[PDB]
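Take a look at this single chain in structure tokens; it is the form deposited in one PDB entry.
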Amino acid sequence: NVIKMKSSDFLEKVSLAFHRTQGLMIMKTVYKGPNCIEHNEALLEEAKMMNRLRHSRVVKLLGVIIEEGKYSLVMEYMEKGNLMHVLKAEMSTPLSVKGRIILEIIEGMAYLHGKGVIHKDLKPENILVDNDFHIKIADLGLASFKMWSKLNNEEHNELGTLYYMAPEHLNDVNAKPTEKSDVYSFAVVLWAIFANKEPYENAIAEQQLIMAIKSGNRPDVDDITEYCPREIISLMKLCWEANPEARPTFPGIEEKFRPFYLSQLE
């Protein structure tokens, strides 16, 4: 189960903090100011069910700081920051670690979809890396932490990439996300891994970009200088198909990618 951690346990709003017994952790204190004990029953329940998600490639919610007008979400430390951070970094990450990161993302996403979780906001900012270069899927924006997310955005507190978003979600906020909404996102994460930068230059995410994407525009494959195996380009094109029922399922992706990684990349 989850821990109902006290502020005291941590020796001297996102910040780093040392647990007396457990060790190193990251924390985002979402709430401050007045007390709102009316949501305090739910916030704990959302947290203990998010904690039910236990996979090697899925971030573990270690505990919650639930106190008088101060609410925090604590998780394990991922030393190497996020995926984009690792790719833009000075030391060039090799084709053998890239393909493994790709297998691990497939492993993590398939698990979530297994457990009925739809990420909704998959992107490199939500793919975290440990020292050994292993990844974990995170929900830093609380897109899946429904209660905690609005608590974070409320007026009683004192404190957005469209690039990875499926065309059916652009200009249509009332469309219910599917398992394929995560699959489009993945295909653009595939491109990002091989091009070592953000797609569609760096700007703007205005009505021009959005309309070009909904019509059929996808990231520039020819902007990948580095060697990219034929098979993984077929995959990104397959996954970012305009029609969601054209896009594969993650267990389907896994079935074809695992043998490929083994022979060609590992």
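Start at 1 with the first residue shown and count on from there. Take the two forms, find the largest set of C-alpha atoms that superpose within 1.5 Å, and that set is the rigid core.
Asker: Coordinates for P34 lacking in at least a third of the other PDB entries compared?
Answerer: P34: unmodelled in at least a third of the other compared entries.
Asker: I want to check something about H156: across the other compared entries that model its neighbours, is it left unbuilt in at least a third?
Answerer: Missing in at least a third of the others, so yes.
Asker: Should the segment between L159 and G160 be described as having none, 1 to 3, 4 to 9, or 10 or more unmodelled residues of the deposited sequence?
Answerer: The entry leaves 10 or more residues without coordinates here.
Asker: Going by the PDB record, how many residues of the deposited sequence fall between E12 and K13 without any coordinates: none, 1 to 3, 4 to 9, or 10 or more?
Answerer: Gap between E12 and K13: 10 or more residues without coordinates.
Asker: Mean CA B-factor: is it higher for 30 to 38 or for 44 to 52?
Answerer: Averaging CA B-factors over each stretch, the winner is 30 to 38.
Asker: So, looking at the entry's B-factor column for Cα atoms, which has the higher mean, 180 to 188 or 68 to 76?
Answerer: According to the PDB entry, the answer is 68 to 76.
Asker: If you compare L238, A205, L62, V58, which has the highest Cα B-factor in the entry?
Answerer: The listed residue with the largest C-alpha B-factor is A205.
Asker: Take the CA temperature factors straight from the PDB entry and tell me which of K98, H134, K150, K115 peaks.
Answerer: Of the options given, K150 has the highest CA B-factor in the PDB entry.
Asker: Determine, from the deposited record, the chain-internal third of the Cα B-factor for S144: lowest, middle or highest.
Answerer: It falls in the middle third of the chain.
Asker: For the chain shown, is the CA B-factor of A166 in the lowest, middle or highest third of its modelled residues?
Answerer: It belongs to the lowest third of the chain when residues are ordered by C-alpha B-factor.
Asker: Ranking the modelled residues of this chain by C-alpha B-factor as given in the entry, is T249 in the lowest, middle or highest third?
Answerer: As the PDB entry reports it, the C-alpha B-factor of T249 lands in the lowest third of its chain.
Asker: Could you tell me which third, lowest, middle or highest, the C-alpha B-factor of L103 occupies within its chain?
Answerer: For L103, whose C-alpha B-factor we compare with every modelled residue in the chain, the answer is the lowest third.
Asker: Among the modelled residues of this chain, does the Cα B factor of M84 put it in the lowest, middle or highest third?
Answerer: It belongs to the middle third of the chain when residues are ordered by C-alpha B-factor.
Separately, the form deposited in another entry exists; it is not shown, and the next lines address it.
Asker: In a fit on the core, which one among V221, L238, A212, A205 has a Cα that moves 2 Å or more between this form and the one not shown?
Answerer: Result of the superposition: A205 is the only one at 2 Å or more.
Asker: Superposing on the rigid core, is the CA of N126 displaced by 2 Å or more between this form and the one not shown?
Answerer: Stays below the 2 Å threshold, so no.
Asker: Does superposing the core leave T249 with a CA shift of 2 Å or more between this form and the one not shown?
Answerer: No.
Asker: Taking 2 Å as the cut-off, check whether the CA of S96 shifts that much or more between this form and the one not shown after a rigid core fit.
Answerer: No, its C-alpha moves less than 2 Å.
Asker: Report the direction of the Cα distance change between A242 and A205 in the other form, compared with the displayed form, as closer or farther; the change is 3 Å or more.
Answerer: Compared with the shown chain, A242-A205 is farther in the other form.
Asker: Relative to the form shown here, do the C-alpha atoms of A203 and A212 sit closer together or farther apart in the other form, given a change of 3 Å or more?
Answerer: Compared with the form shown here, the C-alpha atoms of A203 and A212 sit closer together in the other form, by 3 Å or more.
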